[PDB]
Amino acid sequence: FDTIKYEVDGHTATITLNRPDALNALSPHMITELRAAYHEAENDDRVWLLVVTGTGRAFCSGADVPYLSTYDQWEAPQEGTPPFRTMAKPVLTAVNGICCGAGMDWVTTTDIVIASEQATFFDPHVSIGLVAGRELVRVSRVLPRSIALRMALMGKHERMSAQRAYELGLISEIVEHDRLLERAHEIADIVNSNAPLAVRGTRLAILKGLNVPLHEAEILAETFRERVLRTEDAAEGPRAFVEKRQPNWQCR
Amino acid sequence: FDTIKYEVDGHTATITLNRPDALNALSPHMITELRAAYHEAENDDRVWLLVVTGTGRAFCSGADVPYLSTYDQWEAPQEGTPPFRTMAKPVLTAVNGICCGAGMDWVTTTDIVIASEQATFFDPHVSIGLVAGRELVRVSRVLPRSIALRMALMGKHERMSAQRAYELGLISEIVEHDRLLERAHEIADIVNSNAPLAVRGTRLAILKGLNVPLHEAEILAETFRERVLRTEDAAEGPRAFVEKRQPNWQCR
Amino acid sequence: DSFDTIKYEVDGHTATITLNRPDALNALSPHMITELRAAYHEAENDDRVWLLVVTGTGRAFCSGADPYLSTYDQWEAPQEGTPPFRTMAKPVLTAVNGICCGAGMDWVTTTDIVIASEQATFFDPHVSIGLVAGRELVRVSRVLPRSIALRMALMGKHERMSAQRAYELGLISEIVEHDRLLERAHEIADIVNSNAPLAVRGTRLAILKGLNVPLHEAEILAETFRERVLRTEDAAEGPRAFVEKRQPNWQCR
Amino acid sequence: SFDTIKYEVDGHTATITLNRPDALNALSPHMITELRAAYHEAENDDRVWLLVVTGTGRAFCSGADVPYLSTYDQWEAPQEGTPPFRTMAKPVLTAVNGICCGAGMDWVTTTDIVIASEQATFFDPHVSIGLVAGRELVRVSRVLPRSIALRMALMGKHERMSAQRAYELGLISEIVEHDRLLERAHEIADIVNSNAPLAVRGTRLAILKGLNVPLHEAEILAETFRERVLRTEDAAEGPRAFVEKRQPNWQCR
Amino acid sequence: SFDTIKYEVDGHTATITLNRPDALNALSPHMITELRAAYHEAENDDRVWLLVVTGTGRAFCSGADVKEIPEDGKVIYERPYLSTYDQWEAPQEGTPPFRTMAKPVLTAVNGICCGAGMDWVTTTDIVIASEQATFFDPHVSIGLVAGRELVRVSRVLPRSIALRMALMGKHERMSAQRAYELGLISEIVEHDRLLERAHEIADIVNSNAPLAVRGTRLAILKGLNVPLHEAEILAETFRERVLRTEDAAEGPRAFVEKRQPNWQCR
Amino acid sequence: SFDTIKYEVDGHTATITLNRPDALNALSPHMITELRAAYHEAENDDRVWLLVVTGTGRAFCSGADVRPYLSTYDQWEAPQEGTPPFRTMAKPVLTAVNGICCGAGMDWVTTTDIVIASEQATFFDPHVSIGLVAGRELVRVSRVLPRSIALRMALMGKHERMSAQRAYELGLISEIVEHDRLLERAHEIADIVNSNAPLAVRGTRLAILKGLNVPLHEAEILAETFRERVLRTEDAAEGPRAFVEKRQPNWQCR
């Protein structure tokens, strides 16, 4: 890869946006590389969790400023979005700096989001005369109503700080800048110390549950619970738990 | 009861989880006792509001680690959940310590939630190899997306503090530990100084409203408003005000 | 066409509506409601107006409310002072200058940018007088977390939420020194209006219409607004001004 | 023992018969209390797998005859004779023997199999006496196409839908010779009860809980009921009987 | 006077007649403007309780004028591009304002009903047709998507019937008989008696209590937007509003006094 | 070459024929794998605009026959059996039901765009008769048949069969065809659809199907996205021009 790095260490794959001189702006080539990296992580059985991070002053500064023959063209373009609707493995994003426009997709569609004290969040589209549809409908599911709308309306003229992002729960943790990647990998290791199919099933329970009312969400979640109950790991876990022991999960 | 305490003082019933030697873990017996206490509160006309709290260092540490002949077997098991879908009286939870797994059900389905400075919140199910379906679909309606998911994925290896819970609005107030029950009863008294059928009607407007889109939610809420408008208390309220005296609510 | 209970003023591309019954702490009367709706309609239909600011005179922003079934509006929840956010495209900013309760919360829960004075407080007194707050609190429930909304409902007039707590939960986006509230509101208005107004409108619609469907559908739905804006002259001017390192000159076409 | 209805159990079928033919089976408060006690009895008698509801005479049910907020039900729409389809898993079949109007329609719109006599007619008279039939007609609107449901609402007592038209639109599944109605209802009941009762119940729940959400979610949701039924002894017996070319013996376990 | 439609009031019934038979009642921008003024007039005249809509000639309505399809994709309004809220949503063409009007509307389909003509069939309260009427949508045959029209049809016709209509375009026409069979219409009428039967139905609806009629229509239509259980609770709001009317007291009072009610629409 | 089905392309129509008449076209795991390959092939061949599915013999499809766990995403949801991938494929599908259609066979009836049937076709689901819940199949039936008709089909199991005539009456199917002319009529309908503008056909199908997942008002606005996408096509300029010039359009599927 020329625009990113892809590395595997144990059960964690790490994708690093690696075009710091262009402030990690997404080109078509970068987008193609990201999708190959995502596919690789989804299909490598050794990989249980994906970490996404950037290099330099920007995490991702957005997109660089035959027709209808494929299904995807009928929906919103996805740009760098990880394939959260079709991949069960959890994703953690570690925001190292400026995060704007299509950069927000990682913040709004991955499972754990942490940031450097230096990170900032915004969307500049209205400042160049365009509507940022996908990005901001996603932001609207994380930030309260008038905060999401303020971000949308202010365009490039305002930036949300890491501290404010943490306050509202747009991120779960602020990390000293030089320790960002280390902490990301620590959290990853902790999540991977849990039973991976239970983790995947729980994530699905939550995310599919968000699409329906609570009562239905509970009944729906029983499907994933029942699927996980049949796993070998679900038979091993409860004995391990009462013995305060870390089992060697088999992901089966 | 041998696993809980149930006490009524004026218009407030207080249920206290009272198995500190199992850190208020829910056994089947405790669950049966809780449901009898809930039913008692719901059916005693003197009781307007239920307070739930625990004893010791745990509020509730979760569940202890003929077929299809009853309707409840077709749905998710409810464990200690108060019957918020079928009871109109408000419930306040005062979290005195560790609150995890099934303990979160009080945090996510009761109307006012406060906590001791010593309270912590988490769910250990993925650490045991299991999916906590019901519990975490509920948590996902209170915490922002990636905060709910982080709690789900971290399992027993991380605990949310009372301070962070307050910051995100998972709880509304932090109380000095030794004053928790006192403050819960003070809040209870304040709620009960308002018109109880208006309180119940307003709670229903909000909760039933959450299940449908906003515009329909507004119209739906009119039903409860109209029902309350017919009450004697809706006449007493403005009458007490014009006579510069405290209203004397009769809950009719 | 001259208002007794409010003020309506246009300066450049910003209309400012000021609730102006300070002796009644800006309580909404039926006459005030009629005047507000005329002012909203005027702002929505005047092409010069790109953005509406709403604020209050005095120390209360709004202290709430004070032939049968012959008109359609009577069949739905009464709307009181609510701006018609479901049938307008221009953004609205609310600057909460003081007490905000009952129907006052409608501006907080249905406008696009909400800021407040350090002196603002938020509550709903309905249950304290024996009545249900429907519309108001269902709306609050879409902004505040579940048990915070319910606490506000259940406490009635016996508790206030501070501006600081509001800010913490994202009920408001900013707290302003009291004497500078209006100045800051107009500053934010100017900044929004320095962006491309049809893009602002389209983005607001993407968000608001998107909240009524699941995320995936919200994304596809938003494409409609994006496609409409792509046809505008401003959509060509914007990237052009950017590549030429110069300010865009928006025509709102 | 009941004075407005009959309740009889024969094998696995309970039959509730509306039995006030001189008042055209109008629902009184006393009849409503009796119905609910019958429903509760049916739901709690393990021998009963299925409930049949029918009437006597020229009316199936001609509607309702022309402390406050202390119980939860008073916060919702009154239910009148509606069987408890949201809280009871056993299937219910309605056999409409004649006039079915107002609250009578509840059995048509909330039970699982609906058949009728060639003589049956369907309507709602509420607008003809100045009232809104809320519950009844929101339910009708889930069974008849949009403008058919609205026409029934708007015409009031002045028009009656025939059994033939009802069948054509799928408001009912079968028209029966009048004197054979009860025989055929019981035959259908026997056929349903010849299938595995927990599978029947699980399938009904899949469908009815599924209707509340989009199809994709309805499919995933249905897996819960399928998994629950897979763990029954009957789910083992069924395919075992089939492979042994033998009739299954259901234990409802 | 209108030049593309007729608008007439008799007693409690307003009748709008699409009146461009030479153009097969194709909707032009001018016709659409006239329709909207007629709708507003009907909704605001307290004497009018019910609106009947029908057409003239071999077509009820043959759709939006293809002649007027914008070269550049911008739907033309009275005002500049995106300056008004309605431009951000699907164009409504001739659709009566069913979301913001409480008075019931009956459509009597006299002939060809296609494209935007289907909006009356899918968004009015009572729909009847001449034995000659046919129903279809030709959009895919001219390279365009019927969005609004067919999402509306999909709420009335079963899944694969709606999709067949979408996919067949102008090459297939649903008969009145089939429309009746599926409940797209409630009645087929001999052609020469169509208007007469429409007014008979109208008179019957108007013999009921008009606020109860309006409240019941709202219960149903707002109820379609949420699950059944919530629909039931929601419908109580309309029921409660109507219970406060004099007519709601008059109805049962007349019945107990064994006499006919007299509605005041209050 | 496929053993359990036939896949054939003629002009813009692909035809898949379920071809296990000795098992009454019961779905085996091998048949399911072959079907999915055929669906993928049809979706990815630009010459194919429309897919016809039919069966051979007395049965269209008599239902199902009697990879590490959770390692693939499909295992997290309901098994799909023979269902065409209607959520991820834009090309329309027409099903021509030639006989018995039960259990998993109903998936074609409930999730394809045009459904026709032989006068001999019948429809039912036997699962409750063998002690099982047919979840996916019947939640889908419940979106097409009225409430108590769907429930009757679910509860009656194998003991009742809906006729083609009743299925037509309720709109479960759109046409009954003389048995020996079924395939011919299917191909005729296919040709007629393919005489329309294909990207308009696909965009309209999406408007309807994605619209069914949300309330009507949102559905109208959502449909504008597809309408706007199609407006940019060459075919969207050719169509109205051909119409006003009273001449046949020449579609390029662009």
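Per the PDB record, the structure was determined using X-ray crystallography to 2.1500 Å resolution.

Taking the PDB entry as the reference, chain C is identified by name as enoyl-CoA hydratase/isomerase belonging to Mycobacterium avium subsp. paratuberculosis. Within the Protein Data Bank, this record goes by the title "Crystal structure of an enoyl-CoA hydratase/isomerase from Mycobacterium paratuberculosis". Taken verbatim from the UniProt record of chain C, the Sequence similarities (unreviewed entry) comment is "Belongs to the enoyl-CoA hydratase/isomerase family."

The PDB entry lists chain A under the name enoyl-CoA hydratase/isomerase, with Mycobacterium avium subsp. paratuberculosis given as the organism. As stated in UniProt under Function (unreviewed entry), the record for chain A gives "Could possibly oxidize fatty acids using specific components." Quoted verbatim from the Sequence similarities (unreviewed entry) field of the UniProt record, the comment on chain A reads "Belongs to the enoyl-CoA hydratase/isomerase family."

Caption draft 1: Representation of the overall build of chain C in the model. If you tally the helices and strands in chain C, you get nine helices and ten strands. Relative to a compact globule of 253 residues, whose C-alpha radius of gyration would be 18 Å, chain C shows 19 Å and is just as compact. On the principal axes, the C-alpha backbone points of chain C span a range of 60 × 45 × 40 Å.

Caption draft 2: Representation of the packing of aromatic side chains in the model. Enumeration over the complete set of coordinates arrives at eleven aromatic pairs over all chains. Arranged with centres 5.4 Å apart and planes meeting at 85 degrees, the rings of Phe60 of chain F and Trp108 of chain F form a pair that is edge-to-face. For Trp108 of chain F, a relative accessible area of 0% gives the class buried. For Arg164 of chain B, the ring lying beneath its charged end belongs to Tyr166 of chain A, and the centroid distance is 3.7 Å. If you follow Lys246 of chain F out to its NZ or CZ, it ends over the ring of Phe243 of chain F, 3.9 Å from the centre.

Caption draft 3: Highlighting the domain arrangement of chain C. All names here are of chain C. Parsing chain C into structural domains produces domain 1 (1-195) and domain 2 (196-253). Computed from C-alpha coordinates alone, the two centres of domain 1 and domain 2 are separated by 26 Å. Tallying the contact residues gives 13 residues for domain 1 and nine residues for domain 2. Between domain 1 and domain 2, a total of about 940 Å² is buried, with carbon and sulfur atoms accounting for 56% of that surface.

Caption draft 4: Main features of the interface of chain E and chain F. Opposite the 40 residues of chain E that make contact, chain F presents 57 residues. Of the roughly 4,000 Å² buried where chain E meets chain F, counting both sides, 64% is carbon and sulfur surface. Looking at the side of chain E facing chain F, the largest losses of area belong to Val145, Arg159 and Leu167 of chain E, adding up to 19% of the total buried there. At the junction of chain E and chain F, the tally comes to three salt bridges. A salt bridge links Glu220 of chain F to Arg99 of chain E, with the nearest nitrogen and oxygen atoms 2.8 Å apart. Where chain E touches chain F, the interface holds 18 residue pairs in polar contact. Residue classes in the side of chain E that touches chain F are distributed as 20 nonpolar, ten polar and ten charged.

Caption draft 5: Region of interest: the sheet that holds strand β2 (residues 12-17) of chain B. Strand order in the open sheet made by the six strands is β1-β2-β3-β5-β7-β10 (chain B), with mixed pairing throughout. Sheet topology places β1 (4-9) and β10 (173-175) of chain B at the edges, where each strand pairs with a single neighbour. Looking at each pair of strands side by side, their axes are set apart by 20 degrees on average, direction ignored. Where β1 of chain B lies against β2 of chain B, six bridges are found, and the strand directions are antiparallel. Bridge pairing in β2 of chain B links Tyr6 of chain B to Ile15 of chain B. Lying over the sheet, helix α1 (residues 28-43) of chain B contacts β1, β2 and β3 (49-54) of chain B, oriented at roughly 10 degrees with respect to β1 of chain B. Seen against the sheet, helix α4 (residues 146-155) of chain C touches β7 (112-116) and β10 of chain B and runs at an angle of roughly 110 degrees to β7 of chain B.

Caption draft 6: Fine view of unusual backbone geometry. Of note, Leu25 of chain C is a non-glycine position whose phi angle comes to about 50 degrees, a positive value. Relative to the assigned elements, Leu25 of chain C resides in the loop between β2 (14-19) and α1 (30-45). Under the relative-accessibility criterion, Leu25 of chain C is labelled partly exposed at 26%. A positive phi angle, close to 50 degrees, is found at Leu24 of chain D, a residue other than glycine. With respect to the helices, strands and loops of the structure, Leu24 of chain D is situated in the loop between β2 (13-18) and α1 (29-44).

Caption draft 7: Representation of the interface of chain B and chain E in the model. Across the boundary between the two partners, chain B contributes 14 residues, which contact 13 residues of chain E. With both chains or domains summed, chain B and chain E bury close to 1,200 Å², and 57% of this area falls on carbon and sulfur atoms. Where chain B touches chain E, the interface holds five salt bridges. For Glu240 of chain E, the salt bridge identified is with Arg227 of chain B, shortest N-O distance 3.2 Å. Take the side of chain B that touches chain E: its biggest share by element is nine residues, from helix α8 (residues 214-229) of chain B. Here the side of chain B that touches chain E is composed, by residue class, of five nonpolar, two polar and seven charged.

Caption draft 8: Expanded view of a negative patch on the surface. A contiguous patch of negative charge, built from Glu119, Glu178, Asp180 and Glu184 of chain F, is present on the exposed surface. Inspection of the secondary structure assignment puts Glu119 of chain F in the loop between β7 (114-118) and β8 (122-124).

Caption draft 9: Fine view of the environment of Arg202 of chain F. Note on placement: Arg202 of chain F falls in helix α7 (residues 198-211). Linking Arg202 of chain F and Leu70 of chain F, residues 132 residues apart in sequence, is a C-alpha distance of 33 Å. In this structure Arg202 of chain F touches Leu68 and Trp74 of chain A together with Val48, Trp49, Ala90, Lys91 and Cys253 of chain F, once residues within four positions along its chain are discounted.

Caption draft 10: Just the pattern of salt bridges, in detail. Taken as a whole and assessed by the stated rule, the structure comprises 123 salt bridges over all chains. Across the pair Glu236 of chain A and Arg245 of chain A runs a salt bridge whose closest N-O atoms are separated by 2.9 Å. The partly exposed category is assigned to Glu236 of chain A, whose relative accessible area is 32%. With a closest N to O distance of 3.3 Å, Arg148 of chain E and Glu149 of chain E form a salt bridge. Among the residues examined, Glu149 of chain E registers a relative accessible area of 5% and is labelled buried.

Caption draft 11: Region of the structure containing the sheet that holds strand β6 (residues 98-100) of chain A. All names here are of chain A. Spatial strand order, β4-β6-β8-β9: four strands in an open sheet with mixed pairing. A single partner strand is all that each edge strand has here, and the edge strands are β4 (58-60) and β9 (160-161). Alignment of strand β8 (residues 120-122) against β9, held across two bridges, turns out to be antiparallel. Directly across from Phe121, in β9, lies its bridge partner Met160.

Caption draft 12: Spatial organisation of the domain arrangement of chain A. Residue and element names in this part refer to chain A. Along its sequence, chain A is carved into domain 1 (1-194) and domain 2 (195-252). The C-alpha-based centres of domain 1 and domain 2 are spaced at 26 Å. Every contact between the two is made by twelve residues of domain 1 and, on the other side, nine residues of domain 2. When domain 1 packs against domain 2, close to 900 Å² is buried across both sides, 57% of that on carbon and sulfur atoms.

Caption draft 13: Representation of the pairing of strand β2 (residues 12-17) of chain A. All names here are of chain A. Of all the six residues making up β2, six are buried; the element is thus mostly covered by neighbouring parts of the structure. Alternating positions in β2 separate into two faces, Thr12, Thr14 and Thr16 on one and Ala13, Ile15 and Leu17 on the other, with burial throughout. Between strand β1 (residues 4-9) and β2, which pair antiparallel and follow one another directly, the connecting turn spans two residues, one of which, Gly10, has a positive phi of 55 degrees. Strand direction decides the pairing type here: β2 and strand β3 (residues 49-54), joined by six bridges, are parallel.

Caption draft 14: Spatial organisation of a nonpolar patch on the surface. A cluster of nonpolar side chains, namely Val65 of chain A together with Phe242 and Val243 of chain C, defines an oily patch on the protein surface of about 310 Å² accessible area. Note that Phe242 of chain C resides in helix α9 (residues 233-243). A residue is classified by how much of its surface remains accessible, and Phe242 of chain C, at 45% relative accessible area, is partly exposed.

Here is what the cut-offs are and how they apply
Residues numbered from 1 in each chain as written, not as in the entry; some residues may be left out. Chains lettered and ligands numbered in written order. Heavy atoms only, no water. Residues with missing side-chain atoms left out of burial classes, pairs and counts. UniProt positions renumbered as here; feature names shortened; annotations may be inferred. Helix = DSSP H or I, 4+ residues; strand = E, 2+ residues; numbered from the N terminus. Rg over C-alpha atoms; globule rule 2.2 N^0.38 Å. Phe/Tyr/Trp six-rings, centres within 6.5 Å; stacked < 30°, edge-to-face > 60°. Buried < 20%, exposed > 50% of the residue type's maximum accessible area, 1.4 Å probe, protein only. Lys NZ or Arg CZ within 6 Å of the ring centre and 35° of its normal. Domains from an automatic or database assignment. Contact = heavy atoms within 4.5 Å. Buried area = accessible area lost by both parts, 1.4 Å probe. Salt bridge = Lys/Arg side-chain N within 4 Å of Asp/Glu carboxyl O. Polar contact = N/O pair within 3.5 Å; in protein donor to acceptor, adjacent residues only side chain to side chain. Nonpolar A, V, L, I, M, F, W, Y, C, P; charged D, E, K, R; others polar. Pairing = 2+ DSSP bridges. Axes fitted to C-alpha atoms, helices over the stretch in contact; angles between N-to-C directions. Patch = residues over 30% accessible without salt bridge, like charges linked within 9 Å, V, L, I, M, F, W, Y side chains within 5 Å. Areas by Shrake-Rupley, 256 points an atom, 1.4 Å probe, with all protein chains shown as cover. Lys, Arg positive; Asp, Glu negative; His and termini not counted. Charge placed at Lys NZ, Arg CZ, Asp CG, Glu CD.

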